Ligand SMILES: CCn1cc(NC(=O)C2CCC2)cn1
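Here's a solo chain for you in structure tokens, the form deposited without this ligand.
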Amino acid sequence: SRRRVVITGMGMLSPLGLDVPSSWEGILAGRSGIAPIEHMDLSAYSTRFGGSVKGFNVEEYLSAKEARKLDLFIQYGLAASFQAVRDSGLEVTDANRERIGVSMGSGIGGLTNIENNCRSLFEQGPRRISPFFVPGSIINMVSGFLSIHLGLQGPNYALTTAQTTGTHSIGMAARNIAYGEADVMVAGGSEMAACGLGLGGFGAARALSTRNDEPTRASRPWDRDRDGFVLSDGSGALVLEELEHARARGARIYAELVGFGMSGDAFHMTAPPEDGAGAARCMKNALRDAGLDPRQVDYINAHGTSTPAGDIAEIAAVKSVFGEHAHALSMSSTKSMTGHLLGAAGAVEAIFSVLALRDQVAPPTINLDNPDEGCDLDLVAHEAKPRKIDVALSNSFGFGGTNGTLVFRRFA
């Protein structure tokens, strides 16, 4: 029968910090992680800024010889995973290694490495493609490399559901544990899409904010002057653990994962429906899965991408699901500070939702100067709001009409 699942470890690289505490300190201070991109020349591009990981030292985790063969999204995914496992205190042994698995996902994976090898191929030839091109670029290799470094022999897979990846990865990993396929999973996502093809491709879709002259103000979810998402890099990982397993070893438990929802919109390849019908269906699935009264929800970490259609669809969905209680909960978009980590967004935002529960505080939506028509909920504008949070919900929505909702609650 279905077992309970708790969070015993977390790890992160974000535009606000090289770990969880430093990132969360930025979140509660209303700090922006967005700046002009330094790592490549973007003068020909319509967007020249984003959320970079600043000062990442891969040699805190991996030998230089190894790191040189891995795309940044793998390096970030391993860093976050190693943090989360260390934070959990779990010791991997012959007795438990078959019961510990990994599901770390990515929306796009090793696009920087694929781009650089494509340049080698076209300008020089196939003899100059790296021998490490495939295992250093394809999405399942965060799970793969992590399992080989720690000796994890449990379920080993990766999701790729665009901007929903981190949320799906955590939810499905929790189902693995619930149904008895594993006792422990490391789950989350990682992304580094800030190369020519990523910035150029989202640019060609006119999906990105073009506020080049004021990057910290670009990401402004539900603000009437928003003009698209801000592309950001990094990784989140959580250690999910069966409750009795965690109790037996005296684990520190941050929160319980009580609910997971998925739904497809079946609407449009990239656009969310205006009424947020798929998002509402997904949240309702998650709340029923958690055995909750919707009035129990205290805090929602929105998807909150700073796109015109996405932000207003999320208000519509929250009003449809929560009715008058929509006016009592707090909802914020931490993408106002971090930007959109794409396949890692749901992973870092699950961590922020768990820390909202630990610290009893709703993070702010910065830059919400002039809320748009109908955006009249408590969106925690400008400043962090201390408040009672027993139940927190993290939402994600992606290309393909793919929706995920996680429901966390305090554990006693």
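Note that residue numbering follows the sequence shown and begins at 1. The term rigid core refers to the most C-alpha atoms you can superpose between the two forms while keeping them within 1.5 Å.
Averaged over structures and residues, the CA distance from the shown form in 9 other deposited structures of this protein after a core fit is larger for 114 to 122, of the two stretches 114 to 122 and 77 to 85. Core superposition of the other structures onto this form places the C-alphas of 33 to 41 farther off in 9 other deposited structures of this protein than those of the other stretch among 33 to 41 and 342 to 350. Taking the PDB entry as given, 262 to 270 carries the higher mean Cα B factor of the two stretches 262 to 270 and 147 to 155. Per the PDB record, of the two stretches 271 to 279 and 81 to 89, 271 to 279 carries the greater mean B-factor over its C-alpha atoms. Each of 248, 341, 257, 218 has a CA temperature factor in the record; the biggest one is found at 248.
By the numbers in the PDB entry, the CA B factor is greatest at 375 among 375, 34, 347, 354.
In this PDB entry, residue 71 carries a Cα temperature factor that places it within the lowest third of its chain's modelled residues. The PDB entry assigns residue 236 a C-alpha temperature factor belonging to the lowest third of its chain's modelled residues.
Residue 166 sits in the lowest third of its chain by CA B factor, as recorded in the PDB entry. Per the deposited record, the Cα B-factor of residue 185 falls in the lowest third when ranked against the other modelled residues of its chain. Remark: residue 242 belongs to the middle third of its chain, ranked by C-alpha B-factor as recorded.
There is another form of the same protein, the form deposited with this ligand bound; it is not shown, and what comes next is about it.
Mapping the unseen interface onto this chain, residue 247 falls outside it, with no heavy atom inside 4.5 Å of this ligand in the entry with it bound. Contact annotation for residue 83: at least one heavy atom lies within 4.5 Å of this ligand in the entry with it bound. Though the partner is left out of this view, residue 41 does not reach within 4.5 Å of this ligand in the entry with it bound, counting heavy atoms only. Although the partner is absent from this view, residue 25 stays clear of this ligand in the entry with it bound, with no non-hydrogen atom inside 4.5 angstroms.
Per the 4.5 Å heavy atom criterion, this ligand in the entry with it bound is contacted by stretch 54 to 62, the sole one of 346 to 354, 28 to 36, 373 to 381, 54 to 62.
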